[PDB]
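Engineer: Fold the following.
(chains A and B)
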Amino acid sequence: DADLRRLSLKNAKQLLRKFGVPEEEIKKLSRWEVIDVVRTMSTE
DNA sequence: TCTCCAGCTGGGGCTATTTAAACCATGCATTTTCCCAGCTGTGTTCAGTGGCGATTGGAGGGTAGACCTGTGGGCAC
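Structural biologist: Residues are numbered from 1 along each chain as shown, chains lettered A, B, ... in the order given. There you are, the coordinates:
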């Protein structure tokens, strides 16, 4: 959960693009919602 | 004869050379200093997260109530 802060929104956006997350979530670009979604996707 | 004048007849001041001394003017060139700009470092603030605490929800256990079955007693043939 920690290194997900160092993701520093922009690289987390690129990671969500890499996993295949739909563009709406990426579009929101939440600093907290984005990291929760990428933690969920890395759990999936 | 004496005075004046007027030309002219032989006489003095330019030029050329070397040298040192101390001096000057007129933009020029160089060196120094001051100022401004940029880059780096440190400090502060903000916000993420960690972490912990509290509240809510779910599950399990216990107690209470109700229903069903069994036994006993009373009554009737």
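
Engineer: Around DNA strand B, pick out the residues from chain A.
Structural biologist: Neighbours of DNA strand B within chain A, by C-beta under 7 Å from any atom of the strand: A:1, A:2, A:4, A:5, A:31, A:32, A:35. In this view, the C-beta of every residue, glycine as well, is placed from N, C-alpha and C.

Engineer: Where does the closest residue in space to residue A:33 that isn't next to it in sequence fall, secondary structure wise?
Structural biologist: Using C-beta to C-beta, 6 or more residues apart in numbering and skipping residues adjacent in sequence, the residue nearest residue A:33 is residue A:25, 7.5 Å away. Element membership of residue A:25, judged by DSSP states H and E, is helix A:23-28.

Engineer: now the helices: where do they sit in chain A?
Structural biologist: Assigned by DSSP state H, the helices in chain A fall at A:3-6, A:10-19, A:23-28, A:33-43.

Engineer: With mean neighbour count added, can I get those helices in CSV?
Structural biologist: As requested, the helices of chain A are exported to CSV (neighbours: other C-beta atoms under 10 Å):
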stretch, mean neighbour count
helix A:3-6, 10
helix A:10-19, 14
helix A:23-28, 11
helix A:33-43, 14
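
Engineer: hmm, back to that, just list what the helix holding residue A:25 packs against, helices and strands only.
Structural biologist: If contacts are counted by 3 or more C-beta pairs under 8 Å, 6 or more residues apart in numbering; DSSP states H and E, helix A:23-28 sits against helix A:10-19, helix A:33-43.

Engineer: And the contacts of that helix?
Structural biologist: Residues from elsewhere that reach helix A:23-28 (C-beta atoms under 8 Å, 6 or more residues apart in numbering): A:13, A:16, A:17, A:33, A:34, A:37.

Engineer: Next, give me the two most distant ones among these.
Structural biologist: Considering C-beta to C-beta, no two members of these lie farther apart than A:17 and A:33, which are separated by 15.5 Å.

Engineer: rewinding a little: please convert the residues of chain A next to DNA strand B to TSV, extending it with distance to residue A:44.
Structural biologist: Rendered in TSV, the data for the residues of chain A next to DNA strand B read as follows (distance: C-beta to C-beta, whole Å):
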residue	distance to residue A:44
A:1	16
A:2	20
A:4	15
A:5	21
A:31	21
A:32	19
A:35	15
